[PDB]
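Going by the deposited numbering, the letters in the sequence shown line up with residues 3 to 215, 219 to 561, in that order.
Quick notes on the structure that follows.
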Amino acid sequence: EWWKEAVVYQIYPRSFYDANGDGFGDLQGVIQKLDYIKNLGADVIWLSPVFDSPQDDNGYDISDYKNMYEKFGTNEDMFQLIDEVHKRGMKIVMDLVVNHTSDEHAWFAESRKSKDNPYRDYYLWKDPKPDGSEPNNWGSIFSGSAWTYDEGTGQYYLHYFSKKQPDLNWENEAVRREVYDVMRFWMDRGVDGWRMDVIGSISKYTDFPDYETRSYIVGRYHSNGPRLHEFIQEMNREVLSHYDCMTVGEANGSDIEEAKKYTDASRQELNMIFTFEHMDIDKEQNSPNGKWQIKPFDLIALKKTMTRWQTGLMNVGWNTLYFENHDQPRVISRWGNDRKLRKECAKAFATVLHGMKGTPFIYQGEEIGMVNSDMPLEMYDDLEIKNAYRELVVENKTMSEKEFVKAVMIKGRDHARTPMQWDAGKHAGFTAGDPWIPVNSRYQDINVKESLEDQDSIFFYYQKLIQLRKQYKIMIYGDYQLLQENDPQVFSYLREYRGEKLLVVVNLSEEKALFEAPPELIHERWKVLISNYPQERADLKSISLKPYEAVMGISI
Ligand SMILES: OC[C@H]1NC[C@H](O)[C@@H](O)[C@@H]1O
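Right, here's the structure in full:
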């Protein structure tokens, strides 16, 4: 169970480091930056997908599971990376993307040819309605219908994501066997585990029932299908049980009850899952604009949600801890201050997360406080934006252009995908060429070089949080109790382990706040383990908190 004690660094490789100068981050670039990641202190790297792919969804549309996309390199580069990771005592986790393939995968190129093609049932084909329309009213996560018509065979195929991402038919045992072969191919070559892309979607309701009623709907049927956990238990039996591996499922649609199904060790499924419930607190529940209908940051909602996951998986299963990935904006821009208080704010969110029970995930650039971009809408790359613009602004007019732009400036996935900022030179030192997407305009002030030269950097704060997790067993194995539950500024909680107490107090606001210890804790003596402000005190019975002040103390 080394995965319980791990800290994971997530790499989005096309934006991490470009070794050959074409503006596209590559595998040799990752290799050159492994020493940086090890010095930070992560011991597991999760690579977003580098498999061959036409890049309709930047690698999450896979056309060959057993070869690299040309701009990342060759399998020989991938094998070298695996060796270089292991040489440094680290582990490498790959992205398993098996809810769907590219429509340019050989399986689909065969499948679509005819209803009697041997690969026809590798995907999900349905007749039109009598009037020619789609089999049902299901929507794609990237706007529009979940179905696309094939003129040649007169049937629609299903895609929860883009039209170039047809969903695999997991009802077909041959499909499941192909997936397990891919897993064994890579695990036999040293891959230490898998992050499983939208694993909550692999089981469908084969009736494809309409949602109740907007033309296209995404809801309860898009995840948690009737055979989901049967399939994952099979995957464990056939593959995962045969390897010393780590698994994290990207569990779309997960609540805390579903998380127990996924992560209870006695169920022999996965080690941990990503949920979206803490990421969902700033969208309206059921707007036609989905994620783009933004609500202000609500700390009470964050506290209640994260607390439900800490208590729900306190003594069974295991949590993941994240605020950032390649699908989320920079958290300090989204929910905090990314200007005069950027360093304090970045360290505050880091303290909230890393003081909890679970496996922390650091997204590339989070550890230096990277921020959202001011680039104009036409410089965004993500197909999600182009498609939502068409549906929400042009066709349905449920958002004005101005409000859509404002929402994309807060939540667009490309705020995670601008190049990693290594120094204040050209293109922040990401590339000698022309980057595939613009470098954030603030890179001269925010970059790895200045971070390593500044003892007060966010980077060294993250490095210390990781050191503390390795030093203080209470951080890995202590229980969890929310304090000051209804305080709208202060996120405070207590971990307990073998008579020790860990107190975490974080002001997640720009204004002065007040922490008062619960009365039974007022006479404890504390050693401050970390704070984003200087501390010289052993009593924490009341703390007058400055903007974004974070304190972590251990009882003595
Ligand atoms: O594969 C579809 C979808 N799954 C979730 C991934 O994190 C996201 O980047 C991708 O677009």
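By construction, the Cβ of each residue, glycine as well, lies at the ideal position given by its N, Cα and C atoms.
Nearest-angstrom Cα separation, counted from residue j out to residue i
i           : j           : result
residue 328 : residue 209 : 36 Å
residue 162 : residue 420 : 23 Å
residue 39  : residue 265 : 32 Å
residue 99  : residue 286 : 26 Å
residue 373 : residue 349 : 12 Å
residue 540 : residue 556 : 9 Å
residue 110 : residue 479 : 50 Å
residue 448 : residue 438 : 16 Å
residue 89  : residue 472 : 21 Å
residue 146 : residue 230 : 22 Å
residue 80  : residue 34  : 13 Å
residue 75  : residue 291 : 42 Å
residue 533 : residue 464 : 19 Å
residue 201 : residue 105 : 19 Å
residue 488 : residue 510 : 9 Å
residue 444 : residue 18  : 12 Å
residue 508 : residue 517 : 19 Å
residue 529 : residue 504 : 12 Å
residue 295 : residue 288 : 7 Å
residue 545 : residue 535 : 14 Å
residue 36  : residue 351 : 23 Å
residue 302 : residue 126 : 39 Å
residue 409 : residue 183 : 43 Å
residue 364 : residue 470 : 13 Å
residue 30  : residue 492 : 48 Å
residue 95  : residue 273 : 19 Å
For residue i, the residue or residues it bridges with in DSSP
i           : result
residue 288 : 299
residue 246 : Answer is none; residue 246 lacks a bridge partner.
residue 488 : 497
residue 277 : 253
residue 533 : 558
residue 11  : 47, 367
residue 150 : 159
Simplified DSSP assignment, three categories, for residue i
i           : result
residue 73  : coil
residue 79  : helix
residue 283 : coil
residue 506 : strand
residue 113 : helix
residue 241 : helix
residue 92  : coil
residue 6   : helix
residue 102 : strand
residue 216 : Absent from the coordinates is residue 216, which sits in the stretch where the chain moves from 215 straight to 219.
residue 123 : helix
residue 131 : coil
residue 512 : strand
residue 519 : strand
residue 545 : coil
residue 268 : helix
residue 143 : coil
residue 222 : strand
Other residues of its chain near residue i: CB distance less than 7 Å, five sequence neighbours each side excluded
i           : result
residue 346 : 515, 552, 553
residue 441 : 16, 25, 26
residue 467 : 42, 355, 367, 372
residue 310 : 282, 283, 286
residue 212 : 138, 139
residue 269 : 321, 322
residue 225 : none
residue 252 : 195, 196, 198, 245, 275, 276
residue 278 : 253, 254, 256, 259, 264, 267, 268, 325
residue 481 : 6, 7, 474
residue 538 : 551, 554
residue 150 : 158, 159, 161, 165
Same chain, Cβ closer than 8 Å to residue i, neighbours up to 5 away in sequence not counted
i           : result
residue 485 : 312, 315, 316, 319, 361, 362, 498, 499, 500
residue 217 : Gap in the chain between 215 and 219; residue 217 lies inside it and carries no coordinates.
residue 405 : 398
residue 172 : 178, 204, 205, 206, 232, 236
residue 57  : 63, 71
6 Å CB neighbourhood of residue i in its chain, flanking five on each side removed
i           : result
residue 293 : 219, 403
residue 547 : 521
residue 44  : 9, 11
residue 216 : Coordinates for residue 216 are absent; the numbering of the chain skips from 215 straight to 219.
residue 335 : 375, 376, 377, 420
residue 189 : 248
Can you give, in chain order, each stretch of the alpha helix (DSSP H) that sits fully within the region 382-446 and has at least 4 residues?
-> 388-393, 406-416
Would you mind listing the alpha helix (DSSP H) stretches within the region 153-205 that are 4+ residues and don't spill past its ends, in chain order?
-> 175-189
Considering only residues of the region 291-367, which uninterrupted beta strand (DSSP E) runs meet the minimum length of 3 residues and lie entirely inside it, listed in chain order?
-> none
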